[PDB]
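Experimental coordinates follow, after the sequence.
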Amino acid sequence: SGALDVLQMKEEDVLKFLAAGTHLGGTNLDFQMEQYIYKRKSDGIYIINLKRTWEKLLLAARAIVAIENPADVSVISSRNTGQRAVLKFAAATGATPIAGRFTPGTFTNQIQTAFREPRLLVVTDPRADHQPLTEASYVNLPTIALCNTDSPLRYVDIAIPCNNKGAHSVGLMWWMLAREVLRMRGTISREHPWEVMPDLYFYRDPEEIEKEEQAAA
Amino acid sequence: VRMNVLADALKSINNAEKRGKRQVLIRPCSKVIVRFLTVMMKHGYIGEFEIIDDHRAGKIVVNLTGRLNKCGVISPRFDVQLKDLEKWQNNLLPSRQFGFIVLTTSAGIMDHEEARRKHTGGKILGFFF
Amino acid sequence: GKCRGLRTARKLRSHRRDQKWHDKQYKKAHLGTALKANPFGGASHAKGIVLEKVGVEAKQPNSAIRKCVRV
Amino acid sequence: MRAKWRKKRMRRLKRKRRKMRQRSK
Amino acid sequence: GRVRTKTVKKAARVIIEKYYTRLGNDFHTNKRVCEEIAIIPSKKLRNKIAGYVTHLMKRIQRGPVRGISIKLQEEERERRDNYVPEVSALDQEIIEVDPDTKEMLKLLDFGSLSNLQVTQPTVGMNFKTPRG
Amino acid sequence: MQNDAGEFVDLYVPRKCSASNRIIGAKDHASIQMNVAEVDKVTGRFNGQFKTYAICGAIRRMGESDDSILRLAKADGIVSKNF
Amino acid sequence: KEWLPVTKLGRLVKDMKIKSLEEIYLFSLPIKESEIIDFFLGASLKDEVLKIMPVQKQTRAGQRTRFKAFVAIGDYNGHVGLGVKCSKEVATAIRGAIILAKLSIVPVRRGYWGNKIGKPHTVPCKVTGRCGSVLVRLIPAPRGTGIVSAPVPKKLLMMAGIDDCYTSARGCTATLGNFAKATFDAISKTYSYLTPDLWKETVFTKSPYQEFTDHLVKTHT
Amino acid sequence: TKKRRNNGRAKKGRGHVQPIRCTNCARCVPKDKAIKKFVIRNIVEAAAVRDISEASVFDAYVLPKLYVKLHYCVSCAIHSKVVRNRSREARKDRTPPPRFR
RNA sequence: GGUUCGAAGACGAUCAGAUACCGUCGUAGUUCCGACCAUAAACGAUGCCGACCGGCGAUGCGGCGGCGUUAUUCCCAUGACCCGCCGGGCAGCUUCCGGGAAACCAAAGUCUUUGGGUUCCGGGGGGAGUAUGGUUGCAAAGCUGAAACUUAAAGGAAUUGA
Ligand SMILES: [Zn+2]
């Protein structure tokens, strides 16, 4: 988010991100989300400032790198939209994801065998994962939440304004976050882009999978 | 009715300190309030302030700092003697290590400790710690 | 009181003086009719003449019949 | 027995007292 | 009302999770395997447990089972949970530029270099859907 | 917290947040020392030193934590001033 | 009898890497282990049973007379605690009271009275903690005075170490369930107070999990 | 204690409303205190429309409807068994039951 | 002036026992004029004035600006929309602002860290708003207002057995 003069952007990915749908906001508005508004669009649409989302993403990635151990990173997901996205993000990072079914008793209570302690937590949606927002107050755990203009800001540590309705808008932000964490850690050189069609990383509907299988075979 | 404006100003900055505000805006430009701000500036409980002076009661912007618990008002203003000052500071101030009782004299506005050395009483203004 | 007045000494003094009459514990000890009905009238000890003895029942379950003396 | 009936019985009793005072005076 | 009981459900998942290798779709195969590995007192309870084991095997052959933790499905999940990609997305030379961020990045160390191009402002009318 | 000799008689010192200028209580379970890893300007990798922050429970239960961290980073010189 | 480290900080206690128990209070980490306090402070950690309160919840099968044990814990010059555990049998009630008393321990704040010499003895400033109808106004006292209060908070202040304090009760203080929480909150809100002496900022350091995060993940699972 | 947040009626800052007599009994009920009902219904029940469509002079005669605004008090509404006691969290909901069929 | 309704009262059963539930009647009242008194749950079971302390959708008034519209279609701006902003007035939803024993309140918060101005009123419960004192009234009734005697209780909130 500061003291770098390497990453720089020019023009072209407007035509990709308009088709992706990351600029799309919610219908209503929270009063704490008034500073993240860039512009408006017809019939109840906010335009989320993607290059301020870039700066919040850089601050969150600094938090991810400051959590030096990659094993104790909790990636919490709630809905069926963000399952394959956090699965491929756990493939890129090397951590333990939670794709739904939060169990009260694993972290709060000391009876069950699954008693872990990951420091960093990533919340997909506050209104959906309202229950993992509770243990951030009882236990000293930082929180990187993904929020909309309709979503409020309560018992959160840092928030990133993104669309959490479209599967393209979810998988796009995870697919962009996975490069930033790996380049700020540093394993692979800063040389090449990605060639393969991005249909692998987004969440796919089973009717779409059957339609693509019928079109292929 | 707004008879004691200084009481409402102390209540407003007290609620501002309870919420945790960084700055405060008040309406009058009373010289007693300005001298009380310059008294608190020498102790260093709040930051430096500024005024916007119209051709009326000019507005005051005070940049507050988190170095104050509560500054209550004394209404009505009673006289303070040298012999009774111990009984004032016993129930008015919480502790003996910290605590200030501002009061005006015929010479000028000063704290309670300098008036003990100068041996000259006066009417009480307020208390802050 | 509720009024934080400056020249309001005698008003709150009269209010406290009327509160002294409205108080029950102070008023009962300083009655003339109660002191007239009091057989002592400030006395500690008193003599008397025994004329008869009357038995008095007791109250609920813990019962007895105790003999008082009409003096 | 209600407070209204107690007030009514005391109203009748005070009316009887006023009648006795009117016969006495 | 042939409902498989909790004494069957606590046993059968542990039996499959331990001896997942020595199993089969046939009833007479794992009916004799349960006789070896487990001690079942009665034939009716043995047949109920073996039928529920064959039903769980049919559930495995259809798809993934939420309750049991199969080692093979755990390895299949671990492959797509630790498959590190070669080259991921971001650092191409040409990504988006926003005009209101162009003003705020000029102050600190994100200055206006030669590799920048401001875009046209996006069209928009009104940000409230009618309330009905 | 001195004595007649001059040594600090207290044995531990509590924390104080720099954003809201308020102290941090003892049993404040929402208090987080947020660390930020320092990044080189020409390499873009991990260096070894960190930058610390302070988060108290009052700012979190009020609902201004992501703004307070933003203002602290803006005052330290990471996040730009205008935003 | 042998303790097993459940939490991750328990492995640091078992390996003797954290040396100070006040470093837990500095990072404000939640203590969910009972044997760590008994390991460090074993002989000094004393128990005092204040009062057993029987309560009878009424069911269709008569009533279940369950007990509520109040157990104060701690050395006479140091840390104190307050554990509240209600159970139906006295052995489990006393055991749970001792466990919750070992979990919930608080430090008390000693202060000076005007003149600065020697060790602090009194309450530094006028603080209080109110809940229910109990309000104990903690007022400082000169040296060699005592605790002018009820004998149970006098015993709690003897356990605390503050030998000199004047109190001022208000309201119905007979309610012990609100009285124990009030005298717990009054000594808990002593350090949580802005003072003019505390103007210098507190220096920070690395988290103890971040310091040994490479060793704790490899020494066990 | 005070059971409801309001006083069981829609009187906000007026003081007096128009009294409306009840339908079942002769209780003098206020307007906002009354439980009001509006039920529409055809005059035929099961087969009268079929009998008229079989035997008539006119062809495709339209049927009228019933329009009676019913009023009930607290006792009469429960005696006609319309309203029902709900949970304390459901008492705060001023929403009607859903109109599906 | 008295149509309807309908205290007192009659009749019919009702009931071991009804000038109680219910119906048919039915006097005074029910409506106004010229007057008398001050009584209601005149309840919001909540003293008045001035200020600080979150957000949201909308209704009723006035003013203001503007894509697309209807009416006069035909210039012209207001009636009817929609999108906004402010003030006064009435509400609601959410809420670790704040407090209480809880119901819950942007006030019932700005109380122990107790003092913004500010009139009236209650001191365990009954007797009892009773005697007595005068005042106003044709009458009904309203005002201030005790005492002897008895009483370890009388109460508020919020849960079980049925
Ligand atoms: Zn009715």
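Nice, I can see it. Residues are numbered from 1 along each chain as shown, chains lettered A, B, ... in the order given.

List the contacts of residue 49.
Answering for chain A, as no chain was given. Taking C-beta atoms under 8 Å, 6 or more residues apart in numbering or on different chains, we find residue A:49 in contact with A:36, A:37, A:38, A:161, E:98, E:100, E:101. Any C-beta I mention is one placed from the backbone N, CA and C, and that applies to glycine too.

other chain: chain G
If you count contacts by C-beta under 8 Å, 6+ apart, then residue G:49 has G:69, G:70, G:71, G:94 around it.

Now do the same for it: helix, strand or coil?
Secondary structure state of residue G:49, per DSSP: H, G, I helix; E, B strand; the rest coil, is strand.

ok, now how distant is it from residue G:97?
8 Å (C-beta to C-beta, to the nearest Å).

got it, and residue G:142?
36 Å.

Of those two, which one has the most company?
residue G:97 (27 against 12; other C-beta atoms under 10 Å in any protein chain shown).

Residue E:8 against residue E:52, yeah?
Yes. The criterion here is C-beta atoms under 8 Å, and residue E:8 meets it with residue E:52 at 5.1 Å.

returning to that earlier point: can you redo the contacts of residue G:49 as a markdown table with secondary structure, neighbour count and distance to chain F?
Formatted as a markdown table, the contacts of residue G:49 follow (DSSP: H, G, I helix; E, B strand; the rest coil; neighbours: other C-beta atoms under 10 Å in any protein chain shown; distance: C-beta to the nearest C-beta, whole Å):
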| residue | secondary structure | neighbour count | distance to chain F |
| --- | --- | --- | --- |
| G:69 | strand | 24 | 23 |
| G:70 | strand | 20 | 20 |
| G:71 | strand | 24 | 19 |
| G:94 | helix | 18 | 25 |
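
So which of these reach chain E?
With the criterion set as C-beta under 8 Å from any C-beta of the partner chain, no member of those is near chain E.

For residue G:52, which three-state class applies?
Following three-state DSSP, residue G:52 is assigned to strand.

now it: how far from RNA strand I?
Computed as C-beta to the nearest atom of the strand, to the nearest Å, the residue G:52 to RNA strand I distance reads 23 Å.

who's in contact with that residue?
G:67, G:68, G:69, G:70, G:90.

Out of those, the closest to residue B:121 would be?
Nearest to residue B:121 out of those is residue G:70 (C-beta to C-beta; 51.7 Å).

if I pick that closest one, what's in contact with it?
Contacts of residue G:70 by C-beta under 8 Å, 6+ apart are G:49, G:50, G:51, G:52, G:53, G:82, G:84, G:97, G:176, G:180.

What is the burial count for residue G:149?
For residue G:149, the count of nearby residues is 19 (other C-beta under 10 Å).

I'd like to check which residues are in contact with it.
G:136, G:157, G:165, G:167, G:169.

Close to the ion: what parts of chain A are there?
For chain A, there are no residues in contact with the ion under the definition C-beta under 5 Å from the ion.

Could you point out the longest helix of chain A?
When chain A is parsed with DSSP state H, its longest helix is helix A:167-185.

Compute the distance between residue A:8 and residue A:66, please.
24 Å.

between the two, which one's more packed in?
It is residue A:66, of residue A:8 and residue A:66, that has more neighbours when counted by other C-beta under 10 Å, with 21 against 16.

The more buried one is in contact with residue F:35, isn't it?
Yes. Counting by C-beta under 8 Å, residue A:66 touches residue F:35, with 4.3 Å between them.

so what sits against both of those two?
Joint contacts of residue A:66 and residue F:35 (C-beta under 8 Å, 6+ apart) are residue F:50.

Going by proximity to chain F, name the top residue of chain D.
residue D:3 (50.9 Å; C-beta to the nearest C-beta).

so how many other residues sit close to that residue?
Residues within reach of residue D:3, counting by other C-beta under 10 Å, total 7.

That one and RNA strand I: what is the separation?
7 Å.

What distance do you get for that residue to chain A?
Distance of residue D:3 to chain A, computed by C-beta to the nearest C-beta, to the nearest Å: 52 Å.

Quick check on that residue: phi, psi?
phi -70, psi -30 (degrees, to the nearest 10).

Then residue G:72?
Backbone torsions of residue G:72, given as degrees, to the nearest 10, read phi -90, psi 150.

now do residue C:67
Here is the backbone geometry of residue C:67 (degrees, to the nearest 10): phi -90, psi 110.

Let me know the helix or strand that residue E:78 is in.
Element membership for residue E:78 (DSSP states H and E) is helix E:71-82.

Next, the buried residues of that helix.
residue E:81 (16 or more other C-beta atoms under 10 Å in any protein chain shown).

got the contact list for it?
Outside helix E:71-82, the residues within contact range by C-beta under 8 Å, 6+ apart are A:87, A:88, A:90, A:91, A:94, A:97, E:17, E:20, E:64.

Buried among the residues you listed? Need that as a selection in PyMOL.
Here is the PyMOL selection string for the buried members of the contacts of helix E:71-82, based on 16+ other C-beta under 10 Å:
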select buried, chain A and resi 87+88+90+91+97
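
between the contacts of helix E:71-82, which is nearest residue H:16?
Closest approach to residue H:16 among the contacts of helix E:71-82 (C-beta to C-beta): residue A:97, at 64.9 Å.

Surely the closest one is in a helix?
No. Using three-state DSSP, the assignment for residue A:97 is strand, not a helix.

Please tell me I have it right and it contacts residue A:86.
Yes. Between residue A:97 and residue A:86 there is a contact under C-beta under 8 Å: 4.8 Å.

Mind listing the shared neighbours of those two?
A:75, A:77.

quick one, helices of chain C?
C:9-22, C:24-29, C:32-37.

Check what contacts the longest one and list those residues.
By C-beta under 8 Å, 6+ apart, the surrounding residues in contact with helix C:9-22 are C:1, C:3, C:5, C:26, C:27.

rerun that using 10 Å as the cut-off
C:1, C:2, C:3, C:5, C:8, C:26, C:27, C:30 (C-beta atoms under 10 Å, 6 or more residues apart in numbering or on different chains).

Check those residues and tell me the two furthest apart.
Every pair of the contacts of helix C:9-22 checked by C-beta to C-beta; the farthest is C:5 and C:30, at 30.2 Å.
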